[PDB]
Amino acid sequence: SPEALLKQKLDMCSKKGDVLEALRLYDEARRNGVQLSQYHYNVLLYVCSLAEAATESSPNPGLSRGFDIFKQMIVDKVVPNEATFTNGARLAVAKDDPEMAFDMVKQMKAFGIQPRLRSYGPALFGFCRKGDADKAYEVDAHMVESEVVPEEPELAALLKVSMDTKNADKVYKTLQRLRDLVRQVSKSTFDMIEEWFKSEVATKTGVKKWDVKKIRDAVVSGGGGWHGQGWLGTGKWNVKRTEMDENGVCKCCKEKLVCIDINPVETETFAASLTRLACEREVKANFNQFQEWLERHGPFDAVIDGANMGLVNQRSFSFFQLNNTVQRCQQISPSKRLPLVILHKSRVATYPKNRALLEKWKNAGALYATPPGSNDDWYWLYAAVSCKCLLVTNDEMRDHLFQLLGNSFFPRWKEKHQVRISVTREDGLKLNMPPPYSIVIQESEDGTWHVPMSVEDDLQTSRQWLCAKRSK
């Protein structure tokens, strides 16, 4: 077959980085009357993106033709897949022309194709590198219209370009978008934000007089932790790196951070999504069986990730650590409920009295053994969300299948529900409870800002905060 033969030769081309040969095969196919599929185009976009950007001559046919191939792909109305968008962006990155990168996205739009976040990157980051705020903001508005949500790198570059063009209104807006969408910021974004607050433009932006009750209403209206009404105060900002104590009080300024509620409707939506995701990956009957078991049991104040409690910081499964955690969860339950222990069925172990206790917990309605081949992470997560209770796990809950859960609701839910164990020589096991405040960028009623850094493990490393408060 002609298509089959092209594919083979393009795959060979892609294996060898043979861009000149891929371009000749592209032309030969046009001369032979062979129609290019989605697959064919995707290999060419990738192959073309291996071509260098020329400093010392006019652009090379590799990059130059890649863009013509992209435009021809879209005119054909070949249905894109995830490799299309990826390769399209690789080509855009290779070229380093934000305007042409932006052109590709405008083309997609014109032919009813939904662009991906990574399609916009080359445009945004390019325009941001060149200091062209106006075009960066055009790219941003375009993402917004296309309902593609930015992540931190995009928000950070917008922040940086706003700082570069002295655009204090845009700095403020991006800061709110970081609050809303990212919550805690990377080291590089943290440093950027500290620079902003120490800068002359920041010193010279503000108001001495404002409507105290209009701030009041916006605070109530936003959900708490911010007002969104603009920069307040005047003069130099006092900007310190600092920490919050255990009650959410800033050690620099003594402001008590707020605790922000989760709307129970978001929680219901999330619970549905969670069921939907689990059924796609689990054997439906296995997850349904747990749902039906759960409906018949409880109530629960805590759900334990048994495997994690057995294995965190251990060279092998520690029944002691599991059992000690169960006892401690029961001790903090106001009515002394046993926690729901989720374990794989291969455990339920080697010592007779431990086996008897596992069986006793099962007989008490407080243990569920997840079936052969299941991923027990779905089970403990669905249980804690459904029961609206504490979740006891040291699992980081970021990598692999937890990415499916998203980055708005789930992190907020985690913060309010997750209990982590820590162990010291002197004291043994401790339960580290949800904090009595929200770890998020916060803007107070008087215009004071507290900005938290993101960390791998906030029990391992004490979390750094920025405290930005007007000196008058």
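Residue positions are given as counts along the sequence shown, with the first one as 1. Heads up, when I say rigid core I mean the largest set of C-alphas that superpose within 1.5 Å between the two forms.
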Relative to this form, superposed by the core, which stretch has the greater CA RMS in 7 other deposited structures of this protein: 244 to 252 or 395 to 403? 395 to 403
When the core is superposed, where do the C-alphas shift more in 7 other deposited structures of this protein: in 6 to 14 or in 21 to 29? 6 to 14
I want to verify a possible break: how many residues of the deposited sequence sit between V348 and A349 without any coordinates (none, 1 to 3, 4 to 9, 10 or more)? 4 to 9
Tell me which stretch, 259 to 267 or 381 to 389, has the higher mean Cα B-factor listed in the entry. 259 to 267
Mean CA temperature factor from the deposited coordinates, higher in 237 to 245 or in 318 to 326? 237 to 245
Highest-ranked of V79, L311, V283, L357 once sorted by CA temperature factor in the record: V79
Selection by C-alpha B-factor (highest) of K362, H297, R90, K198: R90
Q35 - Cα temperature factor, lowest/middle/highest third of chain: highest
Of the three thirds of Cα B-factor ranks in this chain, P339 occupies the lowest
Sort the modelled residues of this chain by their C-alpha B factor and say whether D446 lands in the lowest, middle or highest third. middle
Divide the modelled residues of the chain into thirds by Cα B-factor and specify which third, lowest, middle or highest, holds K353. lowest
In terms of the chain's CA B-factor thirds, is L44 lowest, middle or highest? highest
